[PDB]
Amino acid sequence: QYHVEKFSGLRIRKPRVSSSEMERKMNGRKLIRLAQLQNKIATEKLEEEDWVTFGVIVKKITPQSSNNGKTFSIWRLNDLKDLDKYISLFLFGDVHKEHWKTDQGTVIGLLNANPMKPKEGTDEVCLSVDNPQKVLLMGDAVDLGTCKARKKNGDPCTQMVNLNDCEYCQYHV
């Protein structure tokens, strides 16, 4: 719950991974910030990377299918650094079975995920993983927060914020 984690730049309540063991897993890999994913997939040169990325589970969807099996879930991720950039992580079969009860607000490491086929109508980056071990639970995002201001009207502002970097959102300074 105090000072920052080297790789994600977030401070984590009750960390789950040795400092050493992080450098170990991180070794020889490329750190790609979540915001850089869209372009690397578009320019079609993400595959050739042995890459790692970091997100906070901002939201969990556990929608409908049972199509032939078979339940799955979706996580909305944000790095609390580019508060505008989000990606969606699809968990299927093994991976769902294994991680789907993870608490929202958990910071995760995501390694060498697979881009989903792009769906008409979206601006959206979606990825899945062929293996439970591609998702590294690192602990709680102690700074996941909301703009402290009030919507110049009534109601409190609802904009997402990094409580350790800034307490107000972009639109209130």
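In case it trips you up, residue 1 is the first one in the sequence shown, and so on.
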Between 108-116 and 63-71 (mean CA B-factor, as deposited), the higher: 63-71
With respect to the recorded C-alpha B factors, which stretch has the higher mean value, 13-21 or 147-155? 147-155
Looking at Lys30, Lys45, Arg33, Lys134, which has the highest Cα B-factor in the entry? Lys45
Considering only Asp50, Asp140, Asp130, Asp123, which residue's Cα atom bears the greatest B-factor as recorded? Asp123
Using the B-factors in the PDB entry, rank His99's C-alpha atom against the chain and give the third, lowest, middle or highest. lowest
Can you work out whether the C-alpha temperature factor of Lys85 puts it in the lowest, middle or highest third of the chain? highest
